[PDB]
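Some notes on the structure that comes next.
Cβ coordinates were reconstructed from backbone atoms using ideal geometry, including for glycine residues, and neighbour counts include every protein chain displayed. Since every read-out is calculated from the coordinates, none of them should be taken as a lab result.
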Amino acid sequence: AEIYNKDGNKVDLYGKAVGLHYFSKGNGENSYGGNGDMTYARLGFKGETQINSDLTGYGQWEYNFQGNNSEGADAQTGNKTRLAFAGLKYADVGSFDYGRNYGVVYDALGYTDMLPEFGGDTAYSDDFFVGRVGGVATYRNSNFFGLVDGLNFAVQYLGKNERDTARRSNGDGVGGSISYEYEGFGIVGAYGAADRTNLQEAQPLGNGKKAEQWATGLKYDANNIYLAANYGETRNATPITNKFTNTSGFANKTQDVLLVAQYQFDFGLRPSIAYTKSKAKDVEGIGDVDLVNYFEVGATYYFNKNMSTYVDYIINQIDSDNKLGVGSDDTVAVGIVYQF
Amino acid sequence: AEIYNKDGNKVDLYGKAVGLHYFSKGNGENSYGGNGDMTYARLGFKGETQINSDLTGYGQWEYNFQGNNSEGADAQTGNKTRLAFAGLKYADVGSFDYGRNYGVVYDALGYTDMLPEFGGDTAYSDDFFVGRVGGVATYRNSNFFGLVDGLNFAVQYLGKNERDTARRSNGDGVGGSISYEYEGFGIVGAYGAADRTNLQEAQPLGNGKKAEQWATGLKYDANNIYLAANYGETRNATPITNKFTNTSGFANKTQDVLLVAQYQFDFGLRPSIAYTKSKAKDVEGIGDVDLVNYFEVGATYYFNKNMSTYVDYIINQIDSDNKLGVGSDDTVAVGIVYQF
Amino acid sequence: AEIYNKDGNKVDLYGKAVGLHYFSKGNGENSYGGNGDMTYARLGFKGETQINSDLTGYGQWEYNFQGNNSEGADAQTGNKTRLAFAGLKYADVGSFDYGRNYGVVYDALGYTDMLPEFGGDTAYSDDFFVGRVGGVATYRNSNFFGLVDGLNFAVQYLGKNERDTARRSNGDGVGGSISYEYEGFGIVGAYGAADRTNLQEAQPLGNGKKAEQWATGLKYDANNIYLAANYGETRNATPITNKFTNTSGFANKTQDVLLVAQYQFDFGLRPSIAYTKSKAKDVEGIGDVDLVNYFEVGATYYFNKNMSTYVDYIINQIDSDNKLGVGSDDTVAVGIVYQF
């Protein structure tokens, strides 16, 4: 919601209140998404001020507030800051911002991150270039300096983040994307690579000093039709765990495929169909393991632009014999979302 | 405050900044409410969008921010999300929302929850149907489908919540209320019951597999006069602790009485008078124990609609010989509240 | 940003999104400010309602949200409530508010707290009267009841706060300030003293039962020129640590000097020059130790009123032979700030 627009500085304060609930067999510890209340909310703001007629300053902050906690000690479990950055966009040169923001490889993975609830599996947060990250300096350029419509590129610089965890840690690195949008087609390629840190190298699963991720997208988005596909691979970057040996680390290699098919009816119904398959390769002592695999059937029914509800169903293809001990049961999400 | 109302979607962003302080003898660990700085703030938003002329989507999120903490490690102590849900209200059929919201038995207890600071004693949060709860689906209906003015009812479905604590946990259950408002009178009856979970059954105090709460209210609210009374009982649901045996659990039974008497002067002064008495029965090895007992004398002086101050005094009737070790000293709250 | 002004109640909801990063040699554990991503954000609101033509109610809440955390367990590390209070300002009598607010001795230290990033060294939070504190009742009076322009005074009452930590704890005390502003000159004197608590007295470093702080300021602020100086001293109040003995407590005495020199160019550039020196005296087994010492060179370039960037450089004068083990390396901050 645009709560303010005076003296060329508009502030968009927005939020969400998602009544949500998962359904999985038993206590669902063996299910794709889990079982239980999953209600949460959001709050944030994106500001934009015009320094002049070419230069624009902008800032954004988004925060997730969990609603499925009690007002006891667990109150904060899950609350986190999702985005926080600032920048200046200028004429045709391009934009530059810095802070907690999405990694460039997300640009590609973005194409398939359209499911009602689930999906987006390979875009782990705090995992180098595929999801939200801390301290990334990003430079994007539009229409190749205005010369070519639809030709976009960006180069990101990931700063080293040595945290308490190997999972949330990352060394420094660089990445970049290139996308061309035309008619209702989009084609993307993005890649990045950064140093793994000592703690990361110290983990039992995964071996290397350089983690690199890359993926490409293709999409036909026009005339109530959304079709998109993603494919990517990674070296020592997808976090994994062996539930049996109680070991953790990263998959040495992974072949990722994401597919989406969605149609937007006029009356508000927007069914969804998708396929997700992530397979780790060269996992020590195991070899090839499916980290994710399933089919999705879903439907979001938008009332107006500030209301909707959706049902998401995950036909979990993962089998019980999974080596890493991944869950094999299905999950069903049922949400009702109010926003502004 | 209504910061936005465009295209039939009004957003009410509100808050509080309560400068507060308690006064009790000594360090007050033996006092009703404690002693010290109790300053806090609130922030939230309730949105409402008109899907059409019968259907309305709405959402709400409220968060408590504690101000009596240092900026050190204790910073977050007390911060919690108080409410978070979403729903659709429709024509005369009624409303339906889901998320973190008040339990139906609160509908009754609401009548007496009007004190300047204290009061509301029996409406514990995260305690089945008497206070705020997680994952409750609620259906309310107004004026009996519009047929009878003042006749209201609601049926709530409490979802199972297996948390780290027995106190904050709850099995699944159902509850409902019925209220009739007329002239300036109100009469309410509400009841609910749900399964106690293993962890709860596992506690030393309290025995049963089903916890059920119920209460009724009566109130005369009109012409600057507010008079209300509540009475209820519970089976294995009111959380209790024996400070001496260092044991916890739930009271097998409790007889609750709440009484309020308040008058609204024209110039802003609104004195308060109240009586609260909660007694546990069948407490193992003890029998009958008063969990709460006192008289209250208070007064809120509202300047305008965004300012007030109040003094609340609790004449603590609990004696020193209390078996469960409940505090016996008095407490005085003195707040100054700004809001919007 | 003033998101609302109706019926004489204006609400100013504001925020920040600071993309920030420190630069120090090595991992910088021996540097002044540290090394790494330091991105954060702010959110808050100050409200003001006119009770009538003399009386005004007002409230404020400010919260710091850290952006340099991962979305993992460390998510909340650093989030804190910075301010939270409420009051009534009246005619010429003066204002009175209560809650989490700045201590009076800050009034003096304020003069030198103008650096782009660093600076303000001696105004520790949760440290009696020099920084933000919990439960302080403050009374300020303007222009000596309107009789003398520029003559201002305030008397603060610090409530006892017995927290988990000696550092964040404080006994009760009183403080007050006196400031006279004229032409573009300002002269301030402020002082306070309060009881140290048992836990504080219990610490190895620092001996006394009464902690007292005081400081004075002088400033020439007019015609794009800002020049300010501060000098103060303290008894058993500045928190200190001996990195080698792994001991903590408070400096028995400290001589603090702060100096600032800044000029505001018309086009937006605002260079900064400053000197900071805090020296502890009578530190057990050591004697005199510099807690802080350096020169600063900085520059903030404001685009418009909602955008800026700055570079701050700390020429760290602290030597390696520091007895308390204080860091000796330099630090460089580079921020880009969007606000509203």
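Extent along the principal axes, Cα only, for the stretch A:218-340: 52, 28, 26 Å, with the longest axis given first.
If you keep only loop residues by DSSP, which chymotrypsin sites (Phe, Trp or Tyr not before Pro) in the stretch C:28-114 have at most 15 other Cβ atoms within 10 Å of their Cβ? Before the final figure, lay out each step's value.
On the way: sites: C:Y32, C:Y40, C:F45, C:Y58, C:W61, C:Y63, C:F65, C:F85, C:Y90, C:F96, C:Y98, C:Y102, C:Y106, C:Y111; in loops: C:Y32.
Those that pass, being in a loop and sparsely packed, number zero.
For C:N141, what charge total do you get from the other residues with a beta carbon under 15 Å from its beta carbon, if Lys and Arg give +1 and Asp and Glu give -1?
On the way: positive: C:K89, C:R140; negative: C:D54, C:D92, C:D97, C:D107, C:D149, C:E181.
Net charge in that neighbourhood comes out at -4.
Shown is the FRET efficiency for B:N52 and B:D266, computed with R0 = 45 Å from the Cβ-Cβ distance and rounded to the nearest 0.05: 0.60.
For the pair the stretch A:139-179 and the stretch A:253-276, the centres of their Cα atoms are 26 angstrom apart.
Put the Cα centre of the stretch C:280-304 next to the Cα centre of the stretch A:300-328 and the gap is 55 Å. Whole-percent P(r), the protein assembly as shown, all Cα pairs, 20 Å bins from 0: 11, 40, 37, 11, 0.
Neighbouring Cβ atoms from other chains, within 10 Å of the Cβ of residues in B:153-160, number 1 on average.
With no solvent and one point per C-alpha, what does the Debye sum give as log10 I(q)/I(0) for the stretch C:248-307 at q = 0.20, 0.27 Å⁻¹? Cα-only, vacuum Debye calculation for the stretch C:248-307: -0.76, -1.03. Counting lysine pairs in the stretch C:1-134 whose alpha carbons fall under 29 angstrom apart, excluding pairs fewer than 8 residues apart on the same chain, gives 14. Near the amide H of B:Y40, within less than 5 Å, lie the amide hydrogens of B:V18, B:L20, B:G67, all on another chain or at least 5 residues away, with H placed in the peptide plane.
This model, with +1 at the C-beta of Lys and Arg and -1 at the C-beta of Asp and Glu, gives the stretch B:282-337 a dipole about its Cα centre of some 520 debye.
Can you pull out the GluC sites (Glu not before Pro) in the stretch A:126-218 whose DSSP state is coil and whose Cβ has at most 10 other Cβ atoms within 10 Å? Please list the in-between numbers first.
Values: sites: A:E162, A:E181, A:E183, A:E201, A:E212; in loops: A:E162, A:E183.
For GluC sites (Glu not before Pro) across the stretch A:126-218 that sit outside H, G, I, E and B with at most 10 neighbouring Cβ atoms in 10 Å, the list reads A:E183.
Database remark: amide H of B:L151 closer than 5 angstrom to the amide H of B:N143, B:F144, B:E181 (H placed geometrically; neighbours at sequence offset of 5 or more, or on other chains; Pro and chain starts carry no H).
3J(HN,Hα) along the stretch C:196-205, derived from phi through the Karplus expression 6.51 cos²θ - 1.76 cosθ + 1.60 where θ = phi - 60°, amounts to 8, 8, 3, 4, 5, 5, 5, 6, x, 9 Hz, with x in place of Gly and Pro. May I ask you to derive the FRET efficiency for A:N27 and A:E162 from their Cβ-Cβ distance with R0 = 41 Å, giving the value to the nearest 0.05? E between A:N27 and A:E162, to the nearest 0.05, is 0.70. What is the diffusion coefficient of the stretch C:1-105 in µm²/s, taking the Kirkwood radius over Cα pairs and the Stokes-Einstein relation at 37 °C with a viscosity of 0.692 mPa s? Once the numbers are plugged in, D ends up at 199 µm²/s. The phi-based Karplus calculation (6.51 cos²θ - 1.76 cosθ + 1.60; θ = phi - 60°) puts the 3J(HN,Hα) values of the stretch B:234-239 at 8, 10, 6, 10, 7, x Hz, whole numbers, x for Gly and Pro.
For chain A, which span is the longest to avoid every loop-located (per DSSP) member of trypsin sites (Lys or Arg not before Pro) having at most 15 other Cβ atoms inside 10 Å?
Values: sites that count: A:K6, A:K25, A:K209, A:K243, A:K305.
That gives A:26-208 as the longest site-free run.
The local environment of C:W214, defined by Cβ-Cβ distances under 14 Å, has a net charge of -2 under the rule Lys, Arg +1 and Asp, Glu -1. Taking the centroid of alpha carbons for each part, the stretch A:63-88 and the stretch A:89-107 are 24 Å apart. 3J(HN,Hα) along the stretch C:138-148: 10, 10, 10, 9, 9, 6, 6, 6, x, 6, 10 Hz, from the Karplus curve 6.51 cos²θ - 1.76 cosθ + 1.60 with θ = phi - 60°, whole Hz, x for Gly and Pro.
What are the semi-axes of the equivalent ellipsoid for the stretch A:65-119, taken as the square roots of 5 times the Cα gyration tensor eigenvalues, largest first, in whole Å? Each step should come with its number before you reach the end.
Numbers: eigenvalues 201, 68, 12 Å².
Square roots of five times the eigenvalues give 32, 18, 8 Å.
A quarter of the convex hull surface defined by the alpha-carbon atoms of the stretch C:155-311 gives 11.4 nm² as the mean projection.
Report the local net charge at C:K46: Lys and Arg +1, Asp and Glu -1, summed over other residues whose C-beta lies under 12 Å from its C-beta.
Residues near C:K46 contribute -4 overall.
Once all Cα-Cα distances of chain A are split into 10 Å bins that start at 0, what whole-number percent is in each one? All Cα pairs, binned at 10 Å, distribute as 6, 21, 33, 29, 9, 1, 0 percent. Take each residue of peptide A:46-54, count the partner chain Cβ atoms within 10 Å of its Cβ, and average: the result is 4.
Distant-in-sequence amide contacts of B:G15, defined by a placed amide H-H separation under 5 Å and a gap of 5 or more residues or a different chain, comprise B:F340.
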